[PDB]
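These notes concern the structure reproduced below.
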Amino acid sequence: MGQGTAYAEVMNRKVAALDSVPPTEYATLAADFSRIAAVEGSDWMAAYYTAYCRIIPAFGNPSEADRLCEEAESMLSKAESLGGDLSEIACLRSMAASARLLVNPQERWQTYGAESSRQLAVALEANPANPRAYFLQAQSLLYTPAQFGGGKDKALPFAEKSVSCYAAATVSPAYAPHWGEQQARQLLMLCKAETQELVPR
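Read in the working numbering, the sequence shown has 264 at position 155, and its numbers run on one by one without any break.
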């Protein structure tokens, strides 16, 4: 159709659809991102979305979540090899550990949760202002038993960080990840819990 297809143009259309389309069809789009990555003129961004697309439905697919994470994780590693943002891929990386965990979350959570936390620590280290890194930590603290020092209260400042960051940030160039923005805002409300606040009169 178009005379030429730019890398940014191709991803921009795919990302826009990716946001709107159900996570079920993510597998379909993931293949396209992989196809884009196969192209020599591709960035770590292609690898990022390839892993992302596979990882998101993984949470809803305990049947082979661990196995499907292998390709996504490898793709994340490829992005790392290219020289892409460590924090962003680390965020996906931790989710991959979490997704495979859901198969035995009451059993192996001790190990995978720790692995995810380590990966998240990497995300915070790589980008200390990363909204997604704080978001993932916020829920991690939420799901962390009190004996490990977790709790909703711990998650509160992290929820604030992610939300504050989105407000002060922009999504550029265009096909940059739009996900996590809505969730972080909701997460803070969830983190507070109750939220009766009778308001002034």
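Even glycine gets a Cβ: it sits at the ideal position worked out from N, Cα and C.
message: Rounded to the nearest angstrom, what separates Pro-282 and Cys-162 at their Cα positions?
response: On the sequence shown, residue 282 is found 173 positions in, with the first residue counted as 1. On the sequence shown, residue 162 is found 53 positions in, with the first residue counted as 1. One Cα belongs to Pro-282, the other to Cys-162, and the distance between them is close to 19 Å.
task: Please go through the region 175-242 and give each complete alpha helix (DSSP H) segment of 4 or more residues, from N-terminal end onward.
output: 195-210, 218-235
- prompt: Where do the N-terminal and C-terminal ends of the alpha helix (DSSP H) with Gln-291 fall, by residue?
  reply: In the sequence shown, counting from the first residue as 1, residue 291 sits at position 182. Start and end: 290-301.
task: With DSSP as the reference, label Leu-307 as helix, strand or coil.
output: To locate residue 307, count along the sequence shown from 1; it is residue 198. Of the three classes helix, strand and coil, the one that applies to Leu-307 here is coil, per DSSP.
message: Between which two residues does the alpha helix (DSSP H) holding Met-154 run?
response: Indexing the sequence shown from 1 puts residue 154 at position 45. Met-154 -> alpha helix (DSSP H) spans 153-167.
task: List the endpoints of the continuous alpha helix (DSSP H) containing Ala-140.
output: Working through the sequence shown from its first residue, we reach residue 140 at position 31. 135-147 is the extent of the alpha helix (DSSP H) around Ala-140.
task: Measure the alpha-carbon distance for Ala-255 versus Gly-150 and round it to whole angstroms.
output: Against the sequence shown, residue 255 aligns to sequence position 146. Against the sequence shown, residue 150 aligns to sequence position 41. Looking at the two C-alpha atoms, the distance is approximately 48 Å.
Inter-stretch contact (C-beta, 8 Å, three-pair minimum) for the region 286-303 and the region 247-266: yes
- prompt: Using the rule of at least 16 other Cβ atoms within 10 Å of the residue's Cβ for burial, across every protein chain shown, is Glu-182 buried or exposed?
  reply: Mapped onto the sequence shown, residue 182 falls at position 73. Buried, since its Cβ has 16 or more Cβ neighbours within 10 Å.
query: What's the gap between the Cα of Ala-156 and the Cα of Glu-303?
result: Taking the sequence shown and counting its residues from 1, one reaches residue 156 at position 47. Taking the sequence shown and counting its residues from 1, one reaches residue 303 at position 194. Roughly 40 Å separates the two Cα atoms.
- request: Report buried or exposed for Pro-309, applying the criterion of at least 16 other Cβ atoms within 10 angstroms of its Cβ.
  value: Within the sequence shown, residue 309 is the residue found at index 200, counting from 1. Classification for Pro-309: exposed.
message: Quick check on this structure: which residue in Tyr-284, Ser-226, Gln-291 has the alpha carbon closest to the alpha carbon of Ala-276?
response: The sequence position of residue 276 within the sequence shown is 167, counting from 1. Ranking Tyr-284, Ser-226, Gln-291 by Cα distance to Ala-276 puts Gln-291 first.
Cutoff 8 Å; reference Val-148; Cβ partners in own chain excluding five residues on either side: Translated into the one-based positions of the sequence shown, residue 148 becomes position 39. So the qualifying residues of the chain are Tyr-116, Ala-155.
- prompt: Where does the unbroken alpha helix (DSSP H) through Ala-126 begin, and where does it stop?
  reply: Residue 126 sits at position 17 when you count from the first residue of the sequence shown. Its alpha helix (DSSP H) spans residues 116-129.
- prompt: Around the C-beta of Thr-220, are 16 or more other C-beta atoms found within 10 angstroms, so that it is buried, or is it exposed?
  reply: By one-based count along the sequence shown, residue 220 stands at place 111. When all chains shown are included, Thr-220 counts as exposed.
query: How would you write the range of the alpha helix (DSSP H) that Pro-266 sits in, first residue to last?
result: As a working note, residue 266 is residue 157 in the sequence shown. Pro-266 -> alpha helix (DSSP H) spans 261-277.
- prompt: Just the Cα atoms here: how many angstroms apart are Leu-251 and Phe-257?
  reply: Numbered from its first residue, the sequence shown carries residue 251 at position 142. Numbered from its first residue, the sequence shown carries residue 257 at position 148. Roughly 11 Å between the two C-alpha positions.
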